[PDB]
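Engineer: I'm passing along my_file.cif; it holds mmCIF, N, CA and C atoms.
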data_run
#
loop_
_atom_site.group_PDB
_atom_site.id
_atom_site.type_symbol
_atom_site.label_atom_id
_atom_site.label_comp_id
_atom_site.auth_asym_id
_atom_site.auth_seq_id
_atom_site.Cartn_x
_atom_site.Cartn_y
_atom_site.Cartn_z
ATOM 1 N N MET A 1 6.555 12.671 -16.145
ATOM 2 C CA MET A 1 6.475 13.594 -14.979
ATOM 3 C C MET A 1 6.985 12.880 -13.733
ATOM 4 N N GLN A 2 6.584 13.373 -12.563
ATOM 5 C CA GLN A 2 7.002 12.775 -11.298
ATOM 6 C C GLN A 2 5.898 12.908 -10.248
ATOM 7 N N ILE A 3 5.949 12.042 -9.239
ATOM 8 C CA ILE A 3 4.965 12.063 -8.160
ATOM 9 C C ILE A 3 5.621 11.737 -6.821
ATOM 10 N N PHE A 4 5.110 12.349 -5.756
ATOM 11 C CA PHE A 4 5.656 12.137 -4.413
ATOM 12 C C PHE A 4 4.860 11.071 -3.673
ATOM 13 N N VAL A 5 5.549 10.059 -3.126
ATOM 14 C CA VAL A 5 4.881 8.994 -2.380
ATOM 15 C C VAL A 5 5.217 9.100 -0.902
ATOM 16 N N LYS A 6 4.200 9.392 -0.120
ATOM 17 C CA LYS A 6 4.356 9.545 1.321
ATOM 18 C C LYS A 6 4.070 8.226 2.042
ATOM 19 N N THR A 7 5.128 7.573 2.517
ATOM 20 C CA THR A 7 4.978 6.298 3.219
ATOM 21 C C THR A 7 4.359 6.525 4.592
ATOM 22 N N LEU A 8 3.951 5.447 5.261
ATOM 23 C CA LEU A 8 3.343 5.574 6.579
ATOM 24 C C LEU A 8 4.400 5.768 7.660
ATOM 25 N N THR A 9 5.604 5.269 7.410
ATOM 26 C CA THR A 9 6.679 5.395 8.386
ATOM 27 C C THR A 9 7.137 6.845 8.493
ATOM 28 N N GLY A 10 6.636 7.689 7.594
ATOM 29 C CA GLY A 10 6.998 9.106 7.596
ATOM 30 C C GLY A 10 8.118 9.383 6.601
ATOM 31 N N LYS A 11 8.442 8.382 5.782
ATOM 32 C CA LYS A 11 9.475 8.545 4.763
ATOM 33 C C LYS A 11 8.837 9.035 3.470
ATOM 34 N N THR A 12 9.568 9.853 2.719
ATOM 35 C CA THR A 12 9.064 10.388 1.453
ATOM 36 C C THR A 12 9.993 9.999 0.309
ATOM 37 N N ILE A 13 9.438 9.351 -0.713
ATOM 38 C CA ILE A 13 10.227 8.939 -1.877
ATOM 39 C C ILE A 13 9.502 9.325 -3.160
ATOM 40 N N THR A 14 10.232 9.950 -4.072
ATOM 41 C CA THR A 14 9.653 10.396 -5.335
ATOM 42 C C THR A 14 9.653 9.277 -6.372
ATOM 43 N N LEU A 15 8.644 9.312 -7.238
ATOM 44 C CA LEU A 15 8.468 8.312 -8.289
ATOM 45 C C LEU A 15 8.378 8.985 -9.665
ATOM 46 N N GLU A 16 9.086 8.424 -10.635
ATOM 47 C CA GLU A 16 9.047 8.947 -12.001
ATOM 48 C C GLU A 16 8.070 8.109 -12.819
ATOM 49 N N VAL A 17 7.102 8.765 -13.459
ATOM 50 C CA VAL A 17 6.116 8.050 -14.270
ATOM 51 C C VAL A 17 5.577 8.942 -15.378
ATOM 52 N N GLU A 18 4.775 8.334 -16.220
ATOM 53 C CA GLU A 18 4.135 9.029 -17.347
ATOM 54 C C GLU A 18 2.653 9.275 -17.033
ATOM 55 N N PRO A 19 2.061 10.337 -17.520
ATOM 56 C CA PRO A 19 0.618 10.620 -17.244
ATOM 57 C C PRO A 19 -0.298 9.544 -17.828
ATOM 58 N N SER A 20 0.177 8.864 -18.870
ATOM 59 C CA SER A 20 -0.610 7.812 -19.511
ATOM 60 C C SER A 20 -0.346 6.466 -18.842
ATOM 61 N N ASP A 21 0.437 6.492 -17.770
ATOM 62 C CA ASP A 21 0.739 5.278 -17.026
ATOM 63 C C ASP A 21 -0.485 4.826 -16.238
ATOM 64 N N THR A 22 -0.611 3.526 -16.037
ATOM 65 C CA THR A 22 -1.727 2.979 -15.269
ATOM 66 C C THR A 22 -1.385 2.929 -13.783
ATOM 67 N N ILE A 23 -2.384 2.645 -12.962
ATOM 68 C CA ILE A 23 -2.150 2.543 -11.526
ATOM 69 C C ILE A 23 -1.372 1.267 -11.228
ATOM 70 N N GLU A 24 -1.863 0.135 -11.732
ATOM 71 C CA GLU A 24 -1.178 -1.139 -11.523
ATOM 72 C C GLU A 24 0.320 -0.965 -11.754
ATOM 73 N N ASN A 25 0.660 -0.006 -12.608
ATOM 74 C CA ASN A 25 2.058 0.283 -12.893
ATOM 75 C C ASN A 25 2.680 0.978 -11.690
ATOM 76 N N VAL A 26 2.171 2.166 -11.368
ATOM 77 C CA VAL A 26 2.684 2.920 -10.229
ATOM 78 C C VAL A 26 2.770 2.026 -9.005
ATOM 79 N N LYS A 27 1.945 0.998 -9.000
ATOM 80 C CA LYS A 27 1.931 0.051 -7.896
ATOM 81 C C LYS A 27 3.133 -0.862 -7.997
ATOM 82 N N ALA A 28 3.314 -1.427 -9.179
ATOM 83 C CA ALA A 28 4.425 -2.325 -9.425
ATOM 84 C C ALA A 28 5.747 -1.652 -9.056
ATOM 85 N N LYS A 29 5.800 -0.334 -9.224
ATOM 86 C CA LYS A 29 7.003 0.412 -8.876
ATOM 87 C C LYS A 29 7.192 0.413 -7.358
ATOM 88 N N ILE A 30 6.238 1.011 -6.648
ATOM 89 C CA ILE A 30 6.303 1.093 -5.201
ATOM 90 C C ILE A 30 6.519 -0.291 -4.581
ATOM 91 N N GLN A 31 5.903 -1.311 -5.167
ATOM 92 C CA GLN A 31 6.043 -2.671 -4.649
ATOM 93 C C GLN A 31 7.497 -3.124 -4.739
ATOM 94 N N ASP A 32 8.012 -3.138 -5.956
ATOM 95 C CA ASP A 32 9.384 -3.570 -6.191
ATOM 96 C C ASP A 32 10.378 -2.833 -5.283
ATOM 97 N N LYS A 33 10.123 -1.550 -5.017
ATOM 98 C CA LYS A 33 11.034 -0.759 -4.182
ATOM 99 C C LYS A 33 10.832 -0.986 -2.677
ATOM 100 N N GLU A 34 9.578 -1.123 -2.227
ATOM 101 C CA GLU A 34 9.298 -1.291 -0.787
ATOM 102 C C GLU A 34 8.836 -2.704 -0.430
ATOM 103 N N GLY A 35 8.795 -3.606 -1.400
ATOM 104 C CA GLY A 35 8.395 -4.985 -1.123
ATOM 105 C C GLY A 35 6.998 -5.084 -0.496
ATOM 106 N N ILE A 36 6.194 -4.027 -0.622
ATOM 107 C CA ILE A 36 4.846 -4.028 -0.062
ATOM 108 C C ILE A 36 3.838 -4.611 -1.068
ATOM 109 N N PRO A 37 3.065 -5.622 -0.706
ATOM 110 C CA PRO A 37 2.069 -6.220 -1.642
ATOM 111 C C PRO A 37 0.803 -5.343 -1.777
ATOM 112 N N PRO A 38 0.394 -5.006 -2.985
ATOM 113 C CA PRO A 38 -0.826 -4.174 -3.218
ATOM 114 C C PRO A 38 -2.006 -4.591 -2.340
ATOM 115 N N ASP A 39 -1.898 -5.754 -1.697
ATOM 116 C CA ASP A 39 -2.976 -6.245 -0.842
ATOM 117 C C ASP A 39 -2.940 -5.588 0.536
ATOM 118 N N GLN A 40 -1.747 -5.479 1.106
ATOM 119 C CA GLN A 40 -1.597 -4.889 2.431
ATOM 120 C C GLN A 40 -1.659 -3.369 2.374
ATOM 121 N N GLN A 41 -1.491 -2.794 1.180
ATOM 122 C CA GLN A 41 -1.523 -1.338 1.028
ATOM 123 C C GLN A 41 -2.717 -0.877 0.195
ATOM 124 N N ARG A 42 -3.137 0.361 0.451
ATOM 125 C CA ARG A 42 -4.249 0.982 -0.266
ATOM 126 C C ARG A 42 -3.801 2.365 -0.710
ATOM 127 N N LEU A 43 -4.051 2.719 -1.968
ATOM 128 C CA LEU A 43 -3.629 4.023 -2.473
ATOM 129 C C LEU A 43 -4.725 5.061 -2.315
ATOM 130 N N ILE A 44 -4.412 6.113 -1.557
ATOM 131 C CA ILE A 44 -5.367 7.200 -1.308
ATOM 132 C C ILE A 44 -4.881 8.521 -1.906
ATOM 133 N N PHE A 45 -5.714 9.117 -2.759
ATOM 134 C CA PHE A 45 -5.392 10.396 -3.396
ATOM 135 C C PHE A 45 -6.636 11.274 -3.438
ATOM 136 N N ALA A 46 -6.554 12.444 -2.817
ATOM 137 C CA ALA A 46 -7.687 13.363 -2.792
ATOM 138 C C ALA A 46 -8.939 12.676 -2.244
ATOM 139 N N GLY A 47 -8.744 11.768 -1.292
ATOM 140 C CA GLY A 47 -9.865 11.058 -0.678
ATOM 141 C C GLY A 47 -10.525 10.074 -1.645
ATOM 142 N N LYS A 48 -9.833 9.736 -2.735
ATOM 143 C CA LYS A 48 -10.369 8.791 -3.725
ATOM 144 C C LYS A 48 -9.408 7.628 -3.927
ATOM 145 N N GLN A 49 -9.906 6.397 -3.811
ATOM 146 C CA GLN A 49 -9.062 5.232 -4.012
ATOM 147 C C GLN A 49 -8.754 5.063 -5.490
ATOM 148 N N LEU A 50 -7.485 4.889 -5.804
ATOM 149 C CA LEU A 50 -7.073 4.758 -7.194
ATOM 150 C C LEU A 50 -7.564 3.446 -7.781
ATOM 151 N N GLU A 51 -8.190 3.550 -8.953
ATOM 152 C CA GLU A 51 -8.733 2.392 -9.639
ATOM 153 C C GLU A 51 -7.622 1.515 -10.211
ATOM 154 N N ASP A 52 -7.719 0.217 -9.944
ATOM 155 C CA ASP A 52 -6.726 -0.739 -10.403
ATOM 156 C C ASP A 52 -6.634 -0.811 -11.933
ATOM 157 N N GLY A 53 -7.108 0.215 -12.652
ATOM 158 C CA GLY A 53 -7.038 0.163 -14.117
ATOM 159 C C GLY A 53 -7.177 1.532 -14.789
ATOM 160 N N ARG A 54 -6.960 2.623 -14.048
ATOM 161 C CA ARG A 54 -7.071 3.971 -14.637
ATOM 162 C C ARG A 54 -5.692 4.574 -14.895
ATOM 163 N N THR A 55 -5.682 5.712 -15.597
ATOM 164 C CA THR A 55 -4.441 6.420 -15.917
ATOM 165 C C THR A 55 -4.317 7.681 -15.064
ATOM 166 N N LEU A 56 -3.085 8.077 -14.765
ATOM 167 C CA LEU A 56 -2.880 9.274 -13.984
ATOM 168 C C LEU A 56 -3.518 10.459 -14.692
ATOM 169 N N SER A 57 -3.434 10.487 -16.027
ATOM 170 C CA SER A 57 -4.000 11.591 -16.803
ATOM 171 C C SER A 57 -5.398 11.955 -16.314
ATOM 172 N N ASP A 58 -6.202 10.943 -16.010
ATOM 173 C CA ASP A 58 -7.541 11.197 -15.507
ATOM 174 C C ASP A 58 -7.421 11.958 -14.199
ATOM 175 N N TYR A 59 -6.389 11.598 -13.442
ATOM 176 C CA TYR A 59 -6.124 12.235 -12.157
ATOM 177 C C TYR A 59 -5.281 13.509 -12.319
ATOM 178 N N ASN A 60 -4.829 13.794 -13.543
ATOM 179 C CA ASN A 60 -4.014 14.988 -13.789
ATOM 180 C C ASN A 60 -4.902 16.214 -13.932
ATOM 181 N N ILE A 61 -6.035 16.049 -14.599
ATOM 182 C CA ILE A 61 -6.960 17.171 -14.773
ATOM 183 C C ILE A 61 -7.440 17.643 -13.403
ATOM 184 N N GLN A 62 -7.919 16.691 -12.611
ATOM 185 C CA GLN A 62 -8.410 16.989 -11.273
ATOM 186 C C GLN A 62 -7.246 17.371 -10.355
ATOM 187 N N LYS A 63 -6.378 18.275 -10.826
ATOM 188 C CA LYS A 63 -5.232 18.718 -10.029
ATOM 189 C C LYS A 63 -5.666 19.675 -8.911
ATOM 190 N N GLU A 64 -6.504 19.188 -8.003
ATOM 191 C CA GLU A 64 -6.973 20.015 -6.892
ATOM 192 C C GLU A 64 -5.778 20.562 -6.112
ATOM 193 N N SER A 65 -4.795 19.697 -5.874
ATOM 194 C CA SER A 65 -3.578 20.069 -5.145
ATOM 195 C C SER A 65 -2.362 19.659 -5.958
ATOM 196 N N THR A 66 -1.281 19.273 -5.276
ATOM 197 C CA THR A 66 -0.067 18.833 -5.966
ATOM 198 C C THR A 66 -0.039 17.308 -5.989
ATOM 199 N N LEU A 67 0.909 16.711 -6.714
ATOM 200 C CA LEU A 67 0.988 15.263 -6.808
ATOM 201 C C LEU A 67 1.632 14.670 -5.560
ATOM 202 N N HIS A 68 0.779 14.155 -4.686
ATOM 203 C CA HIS A 68 1.216 13.529 -3.446
ATOM 204 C C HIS A 68 0.321 12.337 -3.154
ATOM 205 N N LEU A 69 0.940 11.177 -2.974
ATOM 206 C CA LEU A 69 0.209 9.944 -2.706
ATOM 207 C C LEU A 69 0.409 9.509 -1.261
ATOM 208 N N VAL A 70 -0.688 9.156 -0.597
ATOM 209 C CA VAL A 70 -0.625 8.690 0.784
ATOM 210 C C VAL A 70 -0.782 7.177 0.818
ATOM 211 N N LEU A 71 0.179 6.510 1.455
ATOM 212 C CA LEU A 71 0.156 5.054 1.559
ATOM 213 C C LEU A 71 -0.500 4.611 2.862
ATOM 214 N N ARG A 72 -1.622 3.913 2.729
ATOM 215 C CA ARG A 72 -2.357 3.400 3.883
ATOM 216 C C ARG A 72 -2.048 1.916 4.062
ATOM 217 N N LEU A 73 -1.952 1.470 5.315
ATOM 218 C CA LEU A 73 -1.661 0.058 5.610
ATOM 219 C C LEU A 73 -2.858 -0.594 6.297
ATOM 220 N N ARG A 74 -3.243 -1.775 5.816
ATOM 221 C CA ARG A 74 -4.373 -2.494 6.387
ATOM 222 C C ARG A 74 -4.094 -2.857 7.842
ATOM 223 N N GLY A 75 -2.838 -3.182 8.135
ATOM 224 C CA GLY A 75 -2.452 -3.548 9.494
ATOM 225 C C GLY A 75 -2.590 -2.361 10.438
ATOM 226 N N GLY A 76 -2.659 -2.647 11.735
ATOM 227 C CA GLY A 76 -2.793 -1.593 12.733
ATOM 228 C C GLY A 76 -4.224 -1.071 12.786
#
In structure tokens, how does this file's structure come out?
Structural biologist:
Amino acid sequence: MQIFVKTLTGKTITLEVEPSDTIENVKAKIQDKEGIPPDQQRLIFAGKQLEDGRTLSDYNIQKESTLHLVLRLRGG
């Protein structure tokens, strides 16, 4: 499937992944592309922090809205 990643700078970039994919994975993707370390960033979805070891599938059932990820920065 696919997911939309909303950066803090106001930029939007789509990500291709599998529902059985882990978070650490989706992270490794965004990292490699934006050079952002999982430490300086926090993943927020539906007001719930993504577990460093869960699958999107768990987050697929709880499809309250559409697939959109908000990137939070520790700085500022």
Engineer: Kindly indicate which residue among A:19, A:1, A:64, A:27 lies nearest to residue 41 in chain A, using only C-alpha atoms for the distances.
Structural biologist: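 The answer is A:27, which sits nearest to residue 41 in chain A.
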Engineer: Starting from the point (1.7, -1.6, -0.4), work out which residues of protein, DNA or RNA have an atom no more than 12 Å away when counting only C-alpha atoms; state them as a PDB file with N, CA and C atoms, in the frame of the given file.
Structural biologist:
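Saved to point_25.pdb:
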ATOM      1  N   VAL A   5       5.549  10.059  -3.126  1.00  0.00           N
ATOM      2  CA  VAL A   5       4.881   8.994  -2.380  1.00  0.00           C
ATOM      3  C   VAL A   5       5.217   9.100  -0.902  1.00  0.00           C
ATOM      4  N   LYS A   6       4.200   9.392  -0.120  1.00  0.00           N
ATOM      5  CA  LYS A   6       4.356   9.545   1.321  1.00  0.00           C
ATOM      6  C   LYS A   6       4.070   8.226   2.042  1.00  0.00           C
ATOM      7  N   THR A   7       5.128   7.573   2.517  1.00  0.00           N
ATOM      8  CA  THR A   7       4.978   6.298   3.219  1.00  0.00           C
ATOM      9  C   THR A   7       4.359   6.525   4.592  1.00  0.00           C
ATOM     10  N   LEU A   8       3.951   5.447   5.261  1.00  0.00           N
ATOM     11  CA  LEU A   8       3.343   5.574   6.579  1.00  0.00           C
ATOM     12  C   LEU A   8       4.400   5.768   7.660  1.00  0.00           C
ATOM     13  N   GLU A  24      -1.863   0.135 -11.732  1.00  0.00           N
ATOM     14  CA  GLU A  24      -1.178  -1.139 -11.523  1.00  0.00           C
ATOM     15  C   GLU A  24       0.320  -0.965 -11.754  1.00  0.00           C
ATOM     16  N   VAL A  26       2.171   2.166 -11.368  1.00  0.00           N
ATOM     17  CA  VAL A  26       2.684   2.920 -10.229  1.00  0.00           C
ATOM     18  C   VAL A  26       2.770   2.026  -9.005  1.00  0.00           C
ATOM     19  N   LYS A  27       1.945   0.998  -9.000  1.00  0.00           N
ATOM     20  CA  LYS A  27       1.931   0.051  -7.896  1.00  0.00           C
ATOM     21  C   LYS A  27       3.133  -0.862  -7.997  1.00  0.00           C
ATOM     22  N   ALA A  28       3.314  -1.427  -9.179  1.00  0.00           N
ATOM     23  CA  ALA A  28       4.425  -2.325  -9.425  1.00  0.00           C
ATOM     24  C   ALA A  28       5.747  -1.652  -9.056  1.00  0.00           C
ATOM     25  N   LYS A  29       5.800  -0.334  -9.224  1.00  0.00           N
ATOM     26  CA  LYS A  29       7.003   0.412  -8.876  1.00  0.00           C
ATOM     27  C   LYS A  29       7.192   0.413  -7.358  1.00  0.00           C
ATOM     28  N   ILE A  30       6.238   1.011  -6.648  1.00  0.00           N
ATOM     29  CA  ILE A  30       6.303   1.093  -5.201  1.00  0.00           C
ATOM     30  C   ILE A  30       6.519  -0.291  -4.581  1.00  0.00           C
ATOM     31  N   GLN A  31       5.903  -1.311  -5.167  1.00  0.00           N
ATOM     32  CA  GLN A  31       6.043  -2.671  -4.649  1.00  0.00           C
ATOM     33  C   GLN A  31       7.497  -3.124  -4.739  1.00  0.00           C
ATOM     34  N   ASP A  32       8.012  -3.138  -5.956  1.00  0.00           N
ATOM     35  CA  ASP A  32       9.384  -3.570  -6.191  1.00  0.00           C
ATOM     36  C   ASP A  32      10.378  -2.833  -5.283  1.00  0.00           C
ATOM     37  N   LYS A  33      10.123  -1.550  -5.017  1.00  0.00           N
ATOM     38  CA  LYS A  33      11.034  -0.759  -4.182  1.00  0.00           C
ATOM     39  C   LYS A  33      10.832  -0.986  -2.677  1.00  0.00           C
ATOM     40  N   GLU A  34       9.578  -1.123  -2.227  1.00  0.00           N
ATOM     41  CA  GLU A  34       9.298  -1.291  -0.787  1.00  0.00           C
ATOM     42  C   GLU A  34       8.836  -2.704  -0.430  1.00  0.00           C
ATOM     43  N   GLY A  35       8.795  -3.606  -1.400  1.00  0.00           N
ATOM     44  CA  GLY A  35       8.395  -4.985  -1.123  1.00  0.00           C
ATOM     45  C   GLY A  35       6.998  -5.084  -0.496  1.00  0.00           C
ATOM     46  N   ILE A  36       6.194  -4.027  -0.622  1.00  0.00           N
ATOM     47  CA  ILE A  36       4.846  -4.028  -0.062  1.00  0.00           C
ATOM     48  C   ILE A  36       3.838  -4.611  -1.068  1.00  0.00           C
ATOM     49  N   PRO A  37       3.065  -5.622  -0.706  1.00  0.00           N
ATOM     50  CA  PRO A  37       2.069  -6.220  -1.642  1.00  0.00           C
ATOM     51  C   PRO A  37       0.803  -5.343  -1.777  1.00  0.00           C
ATOM     52  N   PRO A  38       0.394  -5.006  -2.985  1.00  0.00           N
ATOM     53  CA  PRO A  38      -0.826  -4.174  -3.218  1.00  0.00           C
ATOM     54  C   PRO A  38      -2.006  -4.591  -2.340  1.00  0.00           C
ATOM     55  N   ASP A  39      -1.898  -5.754  -1.697  1.00  0.00           N
ATOM     56  CA  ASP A  39      -2.976  -6.245  -0.842  1.00  0.00           C
ATOM     57  C   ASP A  39      -2.940  -5.588   0.536  1.00  0.00           C
ATOM     58  N   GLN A  40      -1.747  -5.479   1.106  1.00  0.00           N
ATOM     59  CA  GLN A  40      -1.597  -4.889   2.431  1.00  0.00           C
ATOM     60  C   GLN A  40      -1.659  -3.369   2.374  1.00  0.00           C
ATOM     61  N   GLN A  41      -1.491  -2.794   1.180  1.00  0.00           N
ATOM     62  CA  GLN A  41      -1.523  -1.338   1.028  1.00  0.00           C
ATOM     63  C   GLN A  41      -2.717  -0.877   0.195  1.00  0.00           C
ATOM     64  N   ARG A  42      -3.137   0.361   0.451  1.00  0.00           N
ATOM     65  CA  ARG A  42      -4.249   0.982  -0.266  1.00  0.00           C
ATOM     66  C   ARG A  42      -3.801   2.365  -0.710  1.00  0.00           C
ATOM     67  N   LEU A  43      -4.051   2.719  -1.968  1.00  0.00           N
ATOM     68  CA  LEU A  43      -3.629   4.023  -2.473  1.00  0.00           C
ATOM     69  C   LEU A  43      -4.725   5.061  -2.315  1.00  0.00           C
ATOM     70  N   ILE A  44      -4.412   6.113  -1.557  1.00  0.00           N
ATOM     71  CA  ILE A  44      -5.367   7.200  -1.308  1.00  0.00           C
ATOM     72  C   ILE A  44      -4.881   8.521  -1.906  1.00  0.00           C
ATOM     73  N   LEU A  69       0.940  11.177  -2.974  1.00  0.00           N
ATOM     74  CA  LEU A  69       0.209   9.944  -2.706  1.00  0.00           C
ATOM     75  C   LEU A  69       0.409   9.509  -1.261  1.00  0.00           C
ATOM     76  N   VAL A  70      -0.688   9.156  -0.597  1.00  0.00           N
ATOM     77  CA  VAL A  70      -0.625   8.690   0.784  1.00  0.00           C
ATOM     78  C   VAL A  70      -0.782   7.177   0.818  1.00  0.00           C
ATOM     79  N   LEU A  71       0.179   6.510   1.455  1.00  0.00           N
ATOM     80  CA  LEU A  71       0.156   5.054   1.559  1.00  0.00           C
ATOM     81  C   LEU A  71      -0.500   4.611   2.862  1.00  0.00           C
ATOM     82  N   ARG A  72      -1.622   3.913   2.729  1.00  0.00           N
ATOM     83  CA  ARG A  72      -2.357   3.400   3.883  1.00  0.00           C
ATOM     84  C   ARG A  72      -2.048   1.916   4.062  1.00  0.00           C
ATOM     85  N   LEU A  73      -1.952   1.470   5.315  1.00  0.00           N
ATOM     86  CA  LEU A  73      -1.661   0.058   5.610  1.00  0.00           C
ATOM     87  C   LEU A  73      -2.858  -0.594   6.297  1.00  0.00           C
ATOM     88  N   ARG A  74      -3.243  -1.775   5.816  1.00  0.00           N
ATOM     89  CA  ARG A  74      -4.373  -2.494   6.387  1.00  0.00           C
ATOM     90  C   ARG A  74      -4.094  -2.857   7.842  1.00  0.00           C
ATOM     91  N   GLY A  75      -2.838  -3.182   8.135  1.00  0.00           N
ATOM     92  CA  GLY A  75      -2.452  -3.548   9.494  1.00  0.00           C
ATOM     93  C   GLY A  75      -2.590  -2.361  10.438  1.00  0.00           C
TER      94      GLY A  75
END
Engineer: Could you pull out all residues of chain A with a DSSP call of strand (DSSP E) and give them as a VMD selection string?
Structural biologist: chain A and resid 2 to 6 12 to 16 41 to 45 48 to 49 68 to 73
Engineer: Could you state the separation of atom C of residue 59 in chain A and atom C of residue 11 in chain A in Å, given to one decimal place?
Structural biologist: 21.6 Å
Engineer: What does the structure give for the distance between atom C of residue 68 in chain A and atom N of residue 53 in chain A, in Å to one decimal?
Structural biologist: 17.1 Å
Engineer: What is the CA of residue 49 in chain A-atom C of residue 16 in chain A distance in Å, reported with one decimal?
Structural biologist: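 These two atoms are separated by 19.5 Å.
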Engineer: Name the residues of chain A that fall into alpha helix (DSSP H) according to DSSP on the backbone, using the chain letters and numbers of this document, as a VMD selection string.
Structural biologist: chain A and resid 23 to 34 56 to 61
Engineer: Could you pull the residues within 7 Å of residue 18 in chain A, counting only N, CA and C atoms, minus those fewer than 4 positions along the same chain, as a short mmCIF file (atom, residue, chain, number, x, y, z; two decimals) with N, CA and C atoms, in the frame of the given file?
Structural biologist:
data_model
loop_
_atom_site.label_atom_id
_atom_site.label_comp_id
_atom_site.auth_asym_id
_atom_site.auth_seq_id
_atom_site.Cartn_x
_atom_site.Cartn_y
_atom_site.Cartn_z
N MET A 1 6.56 12.67 -16.14
CA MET A 1 6.48 13.59 -14.98
C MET A 1 6.98 12.88 -13.73
N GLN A 2 6.58 13.37 -12.56
CA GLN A 2 7.00 12.78 -11.30
C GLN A 2 5.90 12.91 -10.25
N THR A 22 -0.61 3.53 -16.04
CA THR A 22 -1.73 2.98 -15.27
C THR A 22 -1.38 2.93 -13.78
N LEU A 56 -3.08 8.08 -14.76
CA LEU A 56 -2.88 9.27 -13.98
C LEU A 56 -3.52 10.46 -14.69
N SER A 57 -3.43 10.49 -16.03
CA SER A 57 -4.00 11.59 -16.80
C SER A 57 -5.40 11.96 -16.31
#
Engineer: So which residues fall inside 6 Å of (-8.9, 13.6, -6.4) if we count only C-alpha atoms? Mind giving them as an MDAnalysis selection string?
Structural biologist: chainID A and resid 45:46 48 62
Engineer: Would you pull range 56-68 of chain A out of the block just shown and save N, CA, C and O atoms as a compact mmCIF listing (two decimals), in the first residue's frame?
Structural biologist:
# COMPACT_ATOMS: atom_id res chain seq x y z
N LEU A 56 1.99 -1.95 10.68
CA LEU A 56 0.96 -1.04 10.26
C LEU A 56 -0.39 -1.73 10.33
O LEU A 56 -1.39 -1.11 10.67
N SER A 57 -0.43 -3.02 9.98
CA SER A 57 -1.69 -3.78 10.00
C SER A 57 -2.48 -3.51 11.27
O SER A 57 -3.71 -3.33 11.22
N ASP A 58 -1.79 -3.44 12.40
CA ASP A 58 -2.46 -3.15 13.66
C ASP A 58 -3.10 -1.78 13.55
O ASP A 58 -4.19 -1.53 14.06
N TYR A 59 -2.39 -0.89 12.86
CA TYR A 59 -2.86 0.47 12.65
C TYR A 59 -3.79 0.58 11.43
O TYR A 59 -4.35 1.64 11.17
N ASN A 60 -3.94 -0.52 10.68
CA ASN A 60 -4.80 -0.51 9.49
C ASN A 60 -6.25 -0.69 9.89
O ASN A 60 -7.14 -0.05 9.33
N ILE A 61 -6.50 -1.55 10.86
CA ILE A 61 -7.87 -1.78 11.32
C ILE A 61 -8.44 -0.48 11.88
O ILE A 61 -9.52 -0.03 11.50
N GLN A 62 -7.68 0.13 12.79
CA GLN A 62 -8.08 1.39 13.40
C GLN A 62 -8.02 2.52 12.38
O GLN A 62 -7.47 3.59 12.66
N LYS A 63 -8.60 2.29 11.19
CA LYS A 63 -8.60 3.31 10.14
C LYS A 63 -9.62 4.42 10.45
O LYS A 63 -10.56 4.64 9.69
N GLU A 64 -9.41 5.12 11.56
CA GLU A 64 -10.32 6.21 11.94
C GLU A 64 -10.41 7.23 10.81
O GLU A 64 -11.49 7.71 10.47
N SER A 65 -9.26 7.55 10.22
CA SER A 65 -9.17 8.51 9.11
C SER A 65 -8.41 7.89 7.96
O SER A 65 -8.47 6.68 7.75
N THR A 66 -7.66 8.71 7.22
CA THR A 66 -6.86 8.20 6.10
C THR A 66 -5.41 8.04 6.57
O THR A 66 -5.08 8.45 7.68
N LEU A 67 -4.55 7.44 5.74
CA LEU A 67 -3.17 7.22 6.12
C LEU A 67 -2.35 8.50 5.96
O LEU A 67 -1.92 8.86 4.86
N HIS A 68 -2.13 9.17 7.08
CA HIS A 68 -1.36 10.40 7.12
C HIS A 68 -0.53 10.42 8.39
O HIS A 68 -1.05 10.27 9.50
